[PDB]
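In what follows, a single structure is set out as structure tokens and then discussed.
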Amino acid sequence: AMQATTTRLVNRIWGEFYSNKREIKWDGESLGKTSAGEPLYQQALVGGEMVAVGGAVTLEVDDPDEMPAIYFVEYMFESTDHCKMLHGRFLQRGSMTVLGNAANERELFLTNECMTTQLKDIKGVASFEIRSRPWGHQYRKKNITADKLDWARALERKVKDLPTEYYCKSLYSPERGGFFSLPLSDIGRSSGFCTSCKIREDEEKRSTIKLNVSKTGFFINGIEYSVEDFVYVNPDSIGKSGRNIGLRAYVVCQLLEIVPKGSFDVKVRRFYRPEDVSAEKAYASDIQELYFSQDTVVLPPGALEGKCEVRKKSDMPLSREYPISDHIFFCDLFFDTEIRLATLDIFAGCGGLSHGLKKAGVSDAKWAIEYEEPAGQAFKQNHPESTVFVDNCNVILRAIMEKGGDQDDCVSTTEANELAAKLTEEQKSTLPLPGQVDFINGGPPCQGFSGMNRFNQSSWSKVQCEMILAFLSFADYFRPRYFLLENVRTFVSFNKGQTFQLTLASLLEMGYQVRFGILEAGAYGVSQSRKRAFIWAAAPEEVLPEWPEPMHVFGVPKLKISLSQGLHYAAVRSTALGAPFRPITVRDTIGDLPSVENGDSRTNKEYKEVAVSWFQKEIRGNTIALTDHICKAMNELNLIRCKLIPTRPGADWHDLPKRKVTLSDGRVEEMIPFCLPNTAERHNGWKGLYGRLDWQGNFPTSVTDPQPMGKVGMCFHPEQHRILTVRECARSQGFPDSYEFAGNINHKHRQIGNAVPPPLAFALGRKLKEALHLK
DNA sequence: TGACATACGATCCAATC
DNA sequence: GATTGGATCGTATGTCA
Ligand SMILES: [Zn+2]
């Protein structure tokens, strides 16, 4: 329970943790002409002051109490009517963005909105500059100095009531959910052409249904469809821990003809899927298998959702990735009706995020920081070439800053200073130094903001929330190329969004490109409902990664993030009405494991049955040792209650009779727990407590302590009178069967419940790998 | 100290009106 | 605009053997 060690920058940004008639003349002469035949100018005198390409003008607004609008000048031209006109791009204020009250008063953000006005209608010319600043760990001490000089000159200008000076260094895209680098070669060309207008024109050209001159094809949503192509159709256009029951995947069809009926209709021939026969057939079949039919449909062009490929089993790719990512299917039967980055992992845990990023090919987890002995031991067991520190991150940061000589840039506690002096010389020799770390990744605690926390204004929750500041100080000190932050969904709305806004403002104060999003794990290949928030940060001359495409059906709506002024952003689509692949069930995950009783402790066992489903075949791999198939022991009364709950979908504590139980030691208890009928009707009746899983459903969210009378509940096996084992809980989060956990059973459950799914980490790392090849 | 069992609030957001 | 269900890497307290 140690308070965070920050740099001065983070301390100053947060401040609430440890320490607080007019004559209009064309200047010069034209330098070219617009295609319409209009002279272009570079400078103009308005009211005695100079308006130039690269400056800013203010336009007047209706309501008086609102501040005027600022526009960046792109070009000036003289039209046929001899009217003096300019084109401008909108410069938004930081207070009108997702930053809110955390934004600077002098910082403006460039947008893709445009304007064209006459020079008579401008109110004034503003003092404006574009800030381009070098990137590196070797410049941050110089950047501090200038920044101080910039702050002082501001307050004096404020106390004398002088005009404000503005600067711009980023571009705000609310439809991409982020702040991006300025395209410096496309702005201020003083030419009649503008890139934002070109973007809008191309956008409006790509929303129309147009036929090819040969009626052999058609353009829709920016995709070209030809005859004999394979296409996706919504299932509706042709015809608890479980809500994917009856959610169907895309229908795969071959396009045969274009029917005239310019309006037209399409003719398709459909394929069938293994789950269109039975659930037993879908259990034993591959996810990429289809069946041939002769059934033909006539559809409107708007029923098509994308293109795919259908091959033979022999011609399939020989690379097998667990998140499939491939739009390729195979048909056999018939249906009769180089760039590896040096990575520092902070708050490493057991290593799921690392595991995925290492499988993607972008990270070598060279250093890791984990204060818990069993978790550090597990990380060392699974990643043997990594240097693991089993200290507090505050102590490690203090030691690194002492090694660099910047003790006076560090804000720390006496306790952390004393603990940093106790490190041995070999430990201090192995610490990373700035200029050696290219990637920083980490999942700060998820307990301060989680909604399940009844006590969030207590002393323990506040420090866990405060670890964000230490995580940001690591990025401030090391200035890496790439930065990845992971947390819960409620991190973006914790206390009216202030923590999210302050994190974004801190990342922007250093000079990063930042983007944010929320992702659902079940759409990427796990049988779980897990909603997580991700933040990407990149250097000004890097490419900021995109988001991975979800390819599994899962019944979750649009995960949205609130952007101020009534706007919202969604990172990915909803797969509830259709997706390339079917959902993963509980029987797909745990249906091949052998039977165990209550409180089994044998750690090393043997597999008895072979893998049947796709998920089983690819989680087992080539492993012959079954490890950690162990469950927690329930007492006599809880085991009596567990055996008396039916093996039906949706069975919970409401199925327990009102009765008195005599135990072995002559105690008389009551079968129904007193707390469950007491606080009900405030909590939706506690559905799923003492609840059994459904074979055709999915798992609930993986928590650190699975117990029958918890908030989440539903830890009972669908058929066996026990709680789920460690291996089953690791299979629900996507861990391979060869992954090793350390400690007692409680520590292993804690390690599994805290992790990022390795499949989702691999999906994110693949997009980072694509971003690294585009530089 | 530790292990294990019990008791249990407020906010956000999408269907259904 | 109104109001219901559903969501969900939990924390504090008391007994105990
Ligand atoms: Zn324009």
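Sequence lines set the chain letters: A, B, ... in the order given, protein chains first and strands last, and positions in each chain run from 1.
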[M] and [N], which share atom name [atom1], separated by this distance in whole Å:
| N | M | atom1 | value |
| --- | --- | --- | --- |
| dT3(C) | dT11(B) | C1' | 16 Å |
| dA10(B) | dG5(C) | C1' | 16 Å |
| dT1(B) | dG14(C) | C1' | 16 Å |

Whether [X] contacts [N] is assessed here as follows: a side-chain N or O lying under 4.0 Å from the phosphate OP1 or OP2. Is that the case?
| X | N | result |
| --- | --- | --- |
| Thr490(A) | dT8(C) | no |
| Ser458(A) | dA12(C) | yes |
| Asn456(A) | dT11(B) | no |
| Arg243(A) | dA7(C) | yes |
| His683(A) | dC8(B) | no |

So, do [X] and [Y] have ring centers that fall under 6.0 Å from each other?
| X | Y | result |
| --- | --- | --- |
| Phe491(A) | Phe534(A) | no |
| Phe516(A) | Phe500(A) | yes |
| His552(A) | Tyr524(A) | no |

By nearest atom, which of the nucleotides [options] is closest to the [X] side chain?
| X | options | result |
| --- | --- | --- |
| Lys531(A) | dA7(C), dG6(C), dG9(B) | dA7(C) |
| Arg454(A) | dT11(C), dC8(B), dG6(C) | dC8(B) |
| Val703(A) | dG10(C), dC8(B), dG9(B) | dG10(C) |
| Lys711(A) | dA12(C), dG10(C), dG6(C) | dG10(C) |
| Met709(A) | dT11(C), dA7(B), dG10(C) | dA7(B) |
| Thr679(A) | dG9(B), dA7(B), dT8(C) | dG9(B) |
| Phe674(A) | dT8(C), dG6(C), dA7(B) | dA7(B) |
| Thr701(A) | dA12(C), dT8(C), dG9(B) | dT8(C) |

Task: Qualifying residue for side-chain hydrogen bond (donor to acceptor under 3.5 Å, both in side chains) with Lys632(A), from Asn746(A), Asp705(A), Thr725(A) - done: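 With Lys632(A) as partner, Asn746(A), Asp705(A), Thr725(A) yield a single side-chain hydrogen bond (donor to acceptor under 3.5 Å, both in side chains), made by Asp705(A).
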Can you tell me the Watson-Crick or wobble partner of [N], both distances under 3.5 angstrom?
| N | result |
| --- | --- |
| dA17(C) | none |
| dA10(B) | none |
| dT1(B) | none |

Integer-rounded Å distance: [N] [atom2] and [X] [atom1]:
| X | N | atom1 | atom2 | answer |
| --- | --- | --- | --- | --- |
| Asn746(A) | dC4(B) | CG | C1' | 9 Å |
| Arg532(A) | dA7(C) | CZ | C1' | 12 Å |
| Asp705(A) | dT6(B) | CG | P | 13 Å |
| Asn684(A) | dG9(B) | CG | P | 14 Å |
| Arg682(A) | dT11(B) | CZ | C1' | 16 Å |
| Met452(A) | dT8(C) | CE | P | 9 Å |
| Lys632(A) | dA3(B) | NZ | P | 13 Å |
| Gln447(A) | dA12(C) | CD | P | 12 Å |

Every protein N/O lying under 3.5 Å from an N/O of nucleotides 12-17 of chain B:
none

Mind checking [X] for me? I need base, sugar-phosphate or nothing, with any heavy atom below 4.0 Å counting as a touch.
| X | answer |
| --- | --- |
| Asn487(A) | nothing |
| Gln707(A) | base |
| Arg530(A) | base |
| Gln464(A) | sugar-phosphate |

Open item on the list: Tell me if the side-chain of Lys687(A) makes a donor-acceptor pair with the base of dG5(C), cut-off 3.5 Å, by modelled atom types.
Closed with: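 Side chain to base: no pair present.
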TODO: For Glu520(A) and for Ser461(A), find the nucleotide of DNA chain C with the closest heavy atom, then tell me which residue's nucleotide is more 5'.
DONE: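 On the 5' side of the pair lies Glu520(A).
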- [ ] For DNA chain B, find the residues of residues 633-641 of chain A with a heavy-atom distance under 4.0 Å and give them by number; none if there aren't any.
- [x]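 Under 4.0 Å from DNA chain B: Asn635(A), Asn638(A).
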Classify the side-chain pair [X]/[Y] by whether it contains a donor and acceptor separated by less than 3.5 Å.
| X | Y | result |
| --- | --- | --- |
| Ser354(A) | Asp345(A) | yes |
| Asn635(A) | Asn638(A) | yes |
| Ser325(A) | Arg766(A) | yes |
| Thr627(A) | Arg727(A) | yes |

- [ ] Taking the six-membered ring of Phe762(A) (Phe, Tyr or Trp), confirm whether the NZ or CZ of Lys359(A) is under 6.0 Å from its centre and within 45° of its axis.
- [x]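 Yes - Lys359(A) lies over the ring of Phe762(A), closer than 6.0 Å to its centre and within 45° of its axis.
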Task: NZ/NE/NH1/NH2 to OD/OE distance under 4.0 Å, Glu546(A) and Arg515(A) - done: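 Result for this pair is yes, salt bridge flagged.
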Task: Carboxylate-amine/guanidinium contact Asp694(A) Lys240(A), below 4.0 Å - done: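 A salt bridge is absent here (no side-chain N lies under 4.0 Å from a carboxylate O).
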TODO: Check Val526(A), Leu724(A), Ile752(A), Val712(A) against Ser702(A) for a side chain to side chain contact (heavy atoms under 4.5 Å, CB included) and give me the one that passes.
DONE: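 Of the listed residues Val526(A), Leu724(A), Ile752(A), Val712(A), the side chain to side chain contact (heavy atoms under 4.5 Å, CB included) partner of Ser702(A) is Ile752(A).
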